[PDB]
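Engineer: This is the structure I have questions about; it appears just below.
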Amino acid sequence: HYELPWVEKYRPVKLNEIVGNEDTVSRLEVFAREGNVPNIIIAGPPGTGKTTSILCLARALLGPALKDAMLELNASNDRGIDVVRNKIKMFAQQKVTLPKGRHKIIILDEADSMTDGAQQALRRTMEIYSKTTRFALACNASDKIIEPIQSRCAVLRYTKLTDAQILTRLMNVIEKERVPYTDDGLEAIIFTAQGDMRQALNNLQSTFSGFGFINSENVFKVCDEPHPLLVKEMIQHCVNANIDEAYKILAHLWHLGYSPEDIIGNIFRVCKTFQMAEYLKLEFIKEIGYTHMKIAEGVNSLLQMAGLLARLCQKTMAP
Amino acid sequence: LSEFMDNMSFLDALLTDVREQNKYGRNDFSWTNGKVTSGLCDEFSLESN
Amino acid sequence: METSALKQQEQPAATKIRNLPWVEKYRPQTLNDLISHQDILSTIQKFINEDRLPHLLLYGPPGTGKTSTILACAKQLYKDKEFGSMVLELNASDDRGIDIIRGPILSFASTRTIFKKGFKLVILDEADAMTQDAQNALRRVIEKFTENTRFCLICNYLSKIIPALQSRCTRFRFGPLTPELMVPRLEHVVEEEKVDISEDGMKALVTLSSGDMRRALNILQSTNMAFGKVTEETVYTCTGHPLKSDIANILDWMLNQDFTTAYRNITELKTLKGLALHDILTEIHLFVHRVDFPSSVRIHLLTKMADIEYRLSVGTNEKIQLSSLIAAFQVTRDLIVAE
Amino acid sequence: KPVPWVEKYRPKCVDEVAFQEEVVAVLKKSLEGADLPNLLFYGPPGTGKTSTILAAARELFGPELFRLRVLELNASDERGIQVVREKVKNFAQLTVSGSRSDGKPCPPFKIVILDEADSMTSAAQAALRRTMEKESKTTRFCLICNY
Amino acid sequence: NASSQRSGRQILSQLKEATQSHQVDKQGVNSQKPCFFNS
Amino acid sequence: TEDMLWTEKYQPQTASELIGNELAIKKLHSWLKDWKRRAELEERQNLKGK
Amino acid sequence: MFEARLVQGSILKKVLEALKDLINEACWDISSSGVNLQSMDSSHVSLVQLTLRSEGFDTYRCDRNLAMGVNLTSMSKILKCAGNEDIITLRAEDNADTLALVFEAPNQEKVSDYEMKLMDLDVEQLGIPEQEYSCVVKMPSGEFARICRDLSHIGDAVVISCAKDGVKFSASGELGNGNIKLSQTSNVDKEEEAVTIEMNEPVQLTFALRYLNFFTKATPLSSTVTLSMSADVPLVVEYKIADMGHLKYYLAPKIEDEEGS
Amino acid sequence: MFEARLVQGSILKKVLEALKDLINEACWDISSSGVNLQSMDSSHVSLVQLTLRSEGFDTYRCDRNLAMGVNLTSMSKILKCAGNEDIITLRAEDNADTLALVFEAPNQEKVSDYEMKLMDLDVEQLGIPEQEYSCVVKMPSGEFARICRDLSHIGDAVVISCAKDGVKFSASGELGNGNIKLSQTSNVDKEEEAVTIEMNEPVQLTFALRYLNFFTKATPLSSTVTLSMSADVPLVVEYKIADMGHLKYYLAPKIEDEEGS
Amino acid sequence: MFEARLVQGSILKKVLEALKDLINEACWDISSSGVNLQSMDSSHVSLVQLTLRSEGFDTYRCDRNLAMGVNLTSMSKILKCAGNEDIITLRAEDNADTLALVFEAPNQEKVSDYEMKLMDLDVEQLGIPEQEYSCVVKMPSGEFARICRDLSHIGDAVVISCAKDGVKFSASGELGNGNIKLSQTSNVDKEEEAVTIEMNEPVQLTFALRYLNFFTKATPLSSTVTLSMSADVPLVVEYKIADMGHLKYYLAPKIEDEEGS
Amino acid sequence: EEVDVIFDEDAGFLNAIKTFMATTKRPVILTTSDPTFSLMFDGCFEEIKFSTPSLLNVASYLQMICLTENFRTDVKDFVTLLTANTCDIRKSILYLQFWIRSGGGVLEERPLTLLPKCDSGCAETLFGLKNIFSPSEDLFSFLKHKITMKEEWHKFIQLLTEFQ
Ligand SMILES: Nc1ncnc2c1ncn2[C@@H]1O[C@H](COP(=O)(O)OP(=O)(O)OP(O)(O)=S)[C@@H](O)[C@H]1O
Ligand SMILES: Nc1ncnc2c1ncn2[C@@H]1O[C@H](COP(=O)(O)OP(=O)(O)OP(O)(O)=S)[C@@H](O)[C@H]1O
Ligand SMILES: Nc1ncnc2c1ncn2[C@@H]1O[C@H](COP(=O)(O)OP(=O)(O)OP(O)(O)=S)[C@@H](O)[C@H]1O
Ligand SMILES: [Mg+2]
Ligand SMILES: [Mg+2]
Ligand SMILES: [Mg+2]
């Protein structure tokens, strides 16, 4: 009777339903099929399917013994120095009977939140006990993991999902959930989720639960981003070097309450796929990045935004 | 070549880098230190990055 | 620890004979009593009434009414006899590290309710001040206990929440109040409070507030009790904002006279009014788009003032930056005037 | 053992700062009522704002309770406003009983003299606003700036 | 190892006689590696 | 049908099977050979005493 | 304007070491019926309900209803230097912000006057009606203490199931699951107490280890304790004090999910 | 299915109390002959070989000769709960990941089922070969305990010397010697106190004292202890628990840095 | 040629753990009569007097009056290596620059000789008025220790008011005033025990809490302690070591102010 | 192992191993990767330094481990693989195991005398570049030719982001 969220209702249960990162998922498929998995560290942006991949790999490796031979430690658990000293080492020393080629799996999700002392301790208990237990860790920023674990693991790289893949799985969810839609809503959802399947599914469920129809207007009424047509008209006026209309639209955006950060983010995201010349795109990107670092450093007012607008306008009128 | 290397200098100088360079030592090729061993305490970072 | 009793009886604490807290005088009570963001409130009430309430992310500029809104939702969803057994509210005042997520949050989200069966609610005020690892634990607490309890995160800046915590929730922005529907609140309070005010006072009140009622009422009562009358001059004196006539005279000096006389007059007025260069730059920037300039002049002025507002942040000598601000206009528009 | 010259010949009480007429008058009116409101002094450096507020603190309190009941802080702390807010919270939470043999008991509010208040970002400024509103009737704030 | 609790009193009272004395088992299974630990 | 990581599957049993750092491993091997000679000499002295 | 006399300080020191870190702030409500304590854990997972009569006191007298609260750290720290056999006095005014624990002499030599500062915190009466329970059993304090020590000593989740045969205390932990079975026919020899059952339908529930451990700090209040557990109503650990009053301990069970197919 | 029934649980409690801080983990090899526990210590200087034959148990059934390894910290924390007059059941399957200890308490029906997990021990079975020892000493165990105490105050290393009149336990110290001579006390009332020496030839070896104290802490297990000592072999300290089995302690001698002439 | 011999090694450990923090440089003054300590606290608020006579020592020798200064952290590390039952010799020379602490072996293990430095900054001559006190009281040591530990959690200053009824240790602070009174005799397991008072007039004074916290560490010095307290002269908390000598700690009161109007 | 790793639970570890230094009769070995621990530790010990091994020798050994698992390959790919891992033999061996046991990346024949098909392309999958590009595409082939389509631009941006 409970509405399971479409993130958890339509999570993949096999490794052949994962879209994106075809080579790494194919290697995970062959390692789930044959066995003898190495200690893996999967790194990538949020939402690309790392936890789902390691869960499906653990399930396909273990089977009925998944309740006994798998120990899962997320960021919501303790994962302290004494936890690594006692619980993980005791699970590694535990005797579990498994078929040939199958080892126990200690999943450690979000190794970024693992403190450096716990990693320093986890080195040797990862090293010696590899005859019976195996380690599958996952992170976003692999630099937060100390170098000894990266030495003790195999580093698998996850990339941002290409828009075709997120479109295909969005269509799969829609055809399995009879969602009424138009192609404008598809483009709006793909825009609001930059290679993030979790954000796309959550936004789609939110607009279908809110308004019941999938078009651009409803999606930007629920996601509530600065509208990409307004930002496209900004960039188009600045291509023509019309500072008056561009500042008119940006004053409209500013008076709607959008922060400097997501305004310059949306300007960059629209400007990346804008239809103009390569050199003008390069200079536009350079000035956008300069202004974005100015917003990052702490100065974030309307004056900086309009100054970037003036620089983008003057890059056209000056050779 | 000069134009490209000018944009590359622009990218290093007036664009933010992902990981904050010279965070624990100074810039490369220096003999002050650079043997920055990783952390050794279980207390969390609590940083405001 | 604690820190809730002081606020809890700080809100009903007044002299009631002499003090006049006009901000606390007019407060919303329920969803039908917050006359703003009707789409958001109707959507949240429809989510509640269908028992399809998802994880909420209430974000926006402060003073727009997020916490009172979710308090109204919590009071309407659960009665007073089971409010403490079903609603868990936390702020950033009780910050001891990342153990707040593994403490009350993880224990409360991992058990049923006690007395009356139902889904519980977690309210987290100021969630952007939470560290990245504490939020990385809060997303897992959200993921594994989404059926039993729902999470409502109130924050001020959306960028400081991780993409996963955003992607587990639906986002609702409390935007600023359009000045129109804001003005009826001001005329209601002046008609109740018997205050002398002109239309320039209303323009100043809707300009400095930039879409809020709390600081608007603060400015209004402060100017009223300090002067007895509310006009453009008295408001910008009580607030201590750059007066429009002063910025107009600054622009006149930069646009008519030579370098040195303009420099001396501007420096004299700056030390006379205590007016910084950042606020001069902001108000002159607002002034530039109103005064009819050519496109190239407008572009050049905007670029130069953006550069000066960047240079002022790193902490140089403001005297040299002020003289360069004068130079930015002397280069183009006084040359065109001489032409 | 000795003190620097700048803190030595500053005026001991109010009305001894020259060239100011109405500021010291309103300060004396506030001190006669034994209630200093939240105070903001702006002016160029080396003018006497710090001298005036320190003289007012010495006049309203006793010299033996002068240092114990005021707290000088700067807003340019490198660790954000969390350390500043925790210092203000610690100072406002601690209460020291005082007695003056001159004949006037000490007022209950404590004094936080905060310098360089104009070097403050808007988020930190709103945090300071909510901190001052939390301690409205127990601690009266002093803000020193040029702009 | 660092994975084990290695405090001063534990390591001396559990491993001093490894250095000060002989091995009771000297023939047979001796190429095996006791990783010192205390629960 | 293998249940070993390649680090331990191809674990060097002898120090001569190691690659690189030749001076270091010969120094270590000479030091440990001298310690073995000392232990054997101690056992010889114990057998001579009794 | 409230006053109270207490025959022994042992009852108070035991009821206060029962709730050291379980309860952040202790707020007693006063009435002509008696002294009451409706408190709820800061993590909002467990509740304590201490109801003591007026006649169990030496002399009880009130003038008006009032609920006063004290920080439990200070209320604990003043007690560690207490005489267990001492008569004690609790005193407050109608609108004063201070509560006085007038201490008599544990060594026939001293009169002490301690004051504690109240705080101004909201308190709402958690109006639970007395509903029926599917399984009501009795269990000694020492045995229940030992078994809670042993179970939280091995595992991190005390799984208690009440059936017709007895009460099964299980603990499935990382080290290895320990299961304990009591019975109706069993009676201990340490205090000569018999586990008797009033079973109606079999019920299985899971609770946190630490919170039961904190609940189980209350052994010297009563010789025996009552476990009341229903299929939906949370766990009740109830100590009945000899002529003094009654104590009630509510703990909501953990989340357990259906195993996927 | 491995099934063992200890008729009296105190003996197993006592042997774990004798070796609680000595050995890291207990490995059991079980066959039709009975339970054997040949546990190395972590410094690998001492080995405990405790044998309990099949006929000493009430019931016994093994279908396959097996070996398990359990950490003795867990095996120490379990057995505090048991009484001194009861029976113990050790249960395991032919291929299982756990072993169950079942305690039937002296109540009518109070069953404790502690299912302890098995650690995957990598160390194979370690034992010394059988050999005749030149010096055999039959001697009271508690009198060994008091000698071990006296030398434990005096020193930490014993230069023990066997002579025809008995074994002399000589300490080493800068100024303090704990030289305690033992003579023939065979003509005495109780055969446990009587000391008989069957030594072939004298031999001199040095031993640490903490391990001797740990070995002699098992004095109430057996009435008397046999001491087996010979050249270049570990010292054997053997206790015979009458009708339940026999336990041996193998303690290695200290190495000696002999100086050349 | 200075050689003092102490009958028990626990005396230095129990007198010196008090001197761990209050004194920066401890200067022994040796003469024909015995050993004197005139310790001058670095805050210029407290004094420590120790008189240790020769007849308490098993052996004591001296040729000329000397003063030896030892830094506070320099002997604390070297005293923890000496047991309580060890028999200690303090040895100093006339013109050399090392202080030798020769401990008897811990249960005849090995002789431990430790060396340190005896250069004093100055003799630091100080005069004691040998004044007469209006309040002298015999009261247990452990009672004062638990009074200090109870009032320590409140604040940093403690006010005492000695009257003919008894003493009244009071400590007002951030949370609440704590008050302990001592009157007439006391009922303990021993037949005789009393806070006995001989006194002229009631006086009250306020002191710093932390200084009494460092004099608290001299608790095992005696079963009971002496309190001398009067209108102006500093408070004496005097410990007798039976035949050894005596110890007297002075601390200056914190003066109070009265409102003129 | 890893003597430089001291926690607050390891109370007085250094003094304990200094007592082990003083009162040993058996060999004691210390292993640490921290160069500063040679300075902080106070004691008498023989110092042995392991330098970074030569790239070509370890590359030949890794090619060799590939051969004994019956795959042939080239030297240069393990050279850049070693360069990316800073000549770490453990990381290279583990990634080589993961890479060989997944069945190979690209089947290209390269007849060299100095026969089965070569298995070049290890460093490309090491950096995750095969998740960005088609298996027909090569890195330098993509980089040398002119980029015109939107998908090639996205591939270029994702490559540069993965390296940034
Ligand atoms: N490649 C994918 N194919 C199909 N569904 C996906 C994919 N990636 C994400 N999803 C969906 O998104 C949900 C959440 O993905 P997760 O794996 O939890 O994200 P993540 O990779 O773990 O990154 P985190 O958890 O934010 S660090 C899954 O349950 C799927 O429903
Ligand atoms: N839409 C509104 N109309 C009128 N008054 C409002 C409105 N929103 C907020 N207020 C006032 O603000 C008070 C509380 O608002 P808050 O919920 O604190 O604002 P906020 O959006 O949560 O931002 P914070 O709390 O400063 S982070 C109310 O009692 C009102 O006095
Ligand atoms: N009008 C005045 N009357 C008396 N003393 C003065 C006057 N103007 C300046 N001073 C003295 O000048 C010195 C410096 O002034 P301060 O008040 O300490 O600092 P300031 O004027 O606030 O400038 P800051 O603190 O750098 S912003 C002090 O010793 C003052 O007593
Ligand atoms: Mg995840
Ligand atoms: Mg709010
Ligand atoms: Mg100043």
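Note: Cβ is positioned from N, Cα and C throughout, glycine not excepted.
I grabbed these lines from Swiss-Prot:
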type: MOD_RES; residues: C:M1; note: N-acetylmethionine
type: BINDING; residues: C:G60, C:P61, C:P62, C:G63, C:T64, C:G65, C:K66, C:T67; note: ATP binding site
Engineer: Applying the rule Cβ within 8 Å of the centroid of the Cβ atoms of C:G60, C:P61, C:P62, C:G63, C:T64, C:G65, C:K66, C:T67, what extra residues of the same chain belong around the ATP site?
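Structural biologist: The surrounding set, listed in chain order, is C:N156, C:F174, C:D212.
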Engineer: Checking the binding-site residues C:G60, C:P61, C:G63, C:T64, C:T67: which ones have Cβ within under 6 Å of ligand 5?
Structural biologist: C:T67
Engineer: Which recorded positions of C:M1, C:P61, C:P62, C:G63, C:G65, C:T67 contact ligand 2 in the sense of C-beta under 6 Å?
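Structural biologist: Only C:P62, C:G63, C:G65, C:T67 qualify.
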Engineer: Which site among C:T64, C:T67 has the most other CB atoms no more than 10 Å from its CB, taking these as binding-site residues?
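Structural biologist: Most Cβ neighbours within 10 Å: C:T64.
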Engineer: To see if you understand the setup: which same-chain residues, six or more apart in sequence, place their Cβ under 8 Å from that of C:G60 (ATP binding site)?
Structural biologist: C:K66, C:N156, C:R173, C:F174, C:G175
Engineer: Taking a cut-off of under 6 Å between Cβ and any atom of ligand 6, tell me which of the recorded positions C:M1, C:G60, C:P62, C:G63, C:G65, C:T67 pass.
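Structural biologist: Listed by sequence, the hits amount to none.
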Engineer: To the nearest whole angstrom, state the Cα distance for the pair C:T67 (ATP binding site) and C:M1 (N-acetylmethionine).
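Structural biologist: A Cα-Cα distance of 20 Å.
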Engineer: For the C-alpha pair, I'd like the distance in angstrom between C:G65 (ATP binding site) and C:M1 (N-acetylmethionine), rounded off.
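Structural biologist: About 26 Å separates the two Cα atoms.
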Engineer: Mind checking which of C:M1, C:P61, C:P62, C:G65, C:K66 has the fewest other CB atoms within 10 A of its CB? They're the recorded positions.
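Structural biologist: Looking at the recorded positions C:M1, C:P61, C:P62, C:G65, C:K66, the Cβ with the fewest others within 10 Å is that of C:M1.
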Engineer: Please report the Cα separation of C:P61 (ATP binding site) and C:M1 (N-acetylmethionine) in Å, rounded to an integer.
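Structural biologist: Their Cα atoms are separated by 27 Å.
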Engineer: What is the total of other Cβ atoms whose distance to the Cβ of C:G63 (ATP binding site) is within 10 Å?
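Structural biologist: I get 20 for this one.
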Engineer: Near chain A: which of the recorded positions C:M1, C:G60, C:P62, C:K66 have their Cβ closer than 8 Å to one of its Cβ atoms?
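Structural biologist: Answer, by Cβ distance to chain A: C:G60.
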Engineer: Using C-alpha atoms only, work out the spacing between C:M1 (N-acetylmethionine) and C:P62 (ATP binding site) and round it to an integer in Å.
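Structural biologist: Pair distance, Cα basis, whole Å: 24 Å.
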Engineer: List those recorded positions among C:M1, C:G60, C:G63, C:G65, C:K66, C:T67 whose Cβ lies under 8 Å from any Cβ of chain H, in sequence order, or write 'none' if there are none.
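Structural biologist: Filtering C:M1, C:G60, C:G63, C:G65, C:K66, C:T67 for a Cβ under 8 Å from chain H leaves none.
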Engineer: With 8 Å as the upper Cβ-Cβ limit, not reached, which of the binding-site residues C:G60, C:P61, C:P62, C:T64, C:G65 neighbour chain D?
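Structural biologist: Listed in sequence order, the binding-site residues near chain D are C:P62.
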Engineer: Below 8 Å between Cβ atoms and chain G: which of C:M1, C:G60, C:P62, C:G65 make it? I'm asking about the recorded positions.
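Structural biologist: Filtering C:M1, C:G60, C:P62, C:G65 for a Cβ under 8 Å from chain G leaves C:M1.
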